[PDB]
Structure formats: C-alpha cells, structure tokens
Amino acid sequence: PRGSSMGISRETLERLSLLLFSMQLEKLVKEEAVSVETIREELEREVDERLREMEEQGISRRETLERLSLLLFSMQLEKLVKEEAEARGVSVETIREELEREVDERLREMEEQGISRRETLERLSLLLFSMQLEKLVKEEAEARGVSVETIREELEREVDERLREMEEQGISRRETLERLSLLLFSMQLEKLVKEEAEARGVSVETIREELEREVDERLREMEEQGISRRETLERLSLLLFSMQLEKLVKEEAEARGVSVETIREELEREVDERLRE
C-alpha cells in the first residue's frame, strides 16, 4: 500500500521540471530585481512563513503546493482561453467547450476516463497542458514552415531518446499526464533556452550547461541540508508558482483596466468552487 515513499521513483520528469522551473524562476527574479539575490531570499522567507502558517493549521507542503497549483493553473488556463477566444472571434465558453471536446476525444481514443471523472488538479492539468502544447506546436510549425505532425513526431522522438538513454520506459508506455508534461516541459525548455541564447549573444549550449550546473549546485546544497530531491522540486515549484501567479494577476488587472483585488476576487470565486470539490 506504500509507494514512492519507499525511495523508488519519474526521474526524467523530475530533472526536466527542475531545469524548466529553474529557467523560469531565474527570468522572473531577474525581471523583479534592486538585487536578484535579495528578491530570491525574500521570496524564500515569504514561502517559509506561509509554510509555517499552513503547518499551524495542519496543511502539508504537498497540499499547499496543490492548492497553489489550483490557483495558478486556473489563472493560466483563463488567460489562454481568453486569448484564443479573441484570436478566433468567439466567446470564451465556446473555446472552453471546444477544448474539453478535443481532450475528451483524445482520452476516448486511449480508452481512458474522461476529464469529467478525473480529480480536480489532474483535469485542470490535462486541459491547460494540452492547450499550451498545441499552441507551442502550431507556433513552431509556422516558424519552420513544416507540418504540425512533423513537429509533434520530432518532439516525441527527442523525448523518447532522452527517456531510453536513462534506462526508463518509452513515451508509449507512460501515463497520460506524465507523457503530456514530458512533451510540454521539453518544448517549453527548448524555446526558453533558445530565446535566452539569442538575447544574451551566447550559444544554446552555454545556457543549457549553466542551467544544469545551477540545478546540480542547488541539489548538492539541499542534500547537504538533508533535503530530498522531491522536497527540492516542491520548494522550487512553490517559489516559481507564487511568482507566476502574481505576475499573471498584475498583468490581467493592467490589461482589463481594473484593480488587482478584482482579478483576485474573480479567481477566488472560481477557485473556491473547485476547492470545495
């Protein structure tokens, strides 16, 4: 009845998440800074205080991350749906229902439960990651003048090679959300690495090796403090998700011309609905 609590790990997905979240967090702290190290330690202290607060009421770090993700992914899905509705000239509800229809068709083909009978976070993740990945696929296909199928098959090939170069199973035998995250995170990382390489005037390899080194150093420090790789990922996701949420709220408020508190109120109604769930 016990599982990964026995020390048997998704190691590929964990490394990829460390790399991607580290990239995204570095960009966010650089934009927020004052000093970046000051912002980093400030965010660390705020997250630690919030963790103590949720411990004082009996909420674990994993559950805190789960609720924060419900907030963040709700915001990201809302922004993506709104942008697609505007680009297509239809309402947000139409885009939402088309996304649900498409994802449920794919799950049918796979002989799996649909989004309606899945857990709240898993359903939100499936919807959001499907839309993000499809947007990235169509963008890269347009940019390279190739087929969307070509893009998706090259991405699946690259991720499958990476997986099999680590004694792990292929992309064909992973569960739905894990494969979806593997694909999405790989694509997002490649795009971020390439754009930063162009912006800073250095090679892609420079960026990627700096990233790998930053992550290995953080992991060695955590191991020195007696912190597990899973806990390291959870702390990094807490920091990053808080920063992403705050940026999304600020930007949506500035774009709609409303106060930040109105953005939060709308999000909080919608989210407390799924939180009672």
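Sequential numbering from 1, following the sequence displayed.
Visitor: For the stretch from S259 to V260, please bin the deposited residues that the model skips: none, 1 to 3, 4 to 9, or 10 or more.
Guide: Gap size class: none, per the record.
Visitor: Comparing 130-138 with 143-151, which stretch shows the greater average C-alpha B-factor in the deposited entry?
Guide: According to the PDB entry, the answer is 143-151.
Visitor: Going by the B-factors listed in the PDB entry, is the mean over the C-alpha atoms higher for 234-242 or for 57-65?
Guide: Comparing 234-242 with 57-65, the higher mean C-alpha B-factor belongs to 57-65.
Visitor: Between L43, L248, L70, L211, which carries the biggest CA temperature factor in the record?
Guide: Top of the list by C-alpha B-factor: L43.
Visitor: Sort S181, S203, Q169, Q188 by C-alpha B-factor from the entry and give me just the highest.
Guide: Out of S181, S203, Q169, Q188, the record gives the largest C-alpha B-factor to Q169.
Visitor: Rank-wise, by C-alpha B-factor, drop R174 into the lowest, middle or highest third of its chain.
Guide: As the PDB entry reports it, the C-alpha B-factor of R174 lands in the middle third of its chain.
Visitor: Could you place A255 in the lowest, middle or highest third of its chain by Cα temperature factor, using the values in the record?
Guide: Tercile = highest for this residue's CA B-factor.
Visitor: Looking at the entry's B-factor column for C-alpha atoms only, identify whether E119 ranks in the lowest, middle or highest third of its chain.
Guide: Its C-alpha B-factor belongs to the middle third of this chain's values.
Visitor: Taking only the Cα B-factors deposited for this chain, tell me whether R164 sits in the lowest, middle or highest third.
Guide: Tercile = highest for this residue's CA B-factor.
Visitor: C-alpha B factor of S9, ranked within the chain: lowest, middle or highest third?
Guide: For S9, the deposited C-alpha B-factor lands in the highest third.
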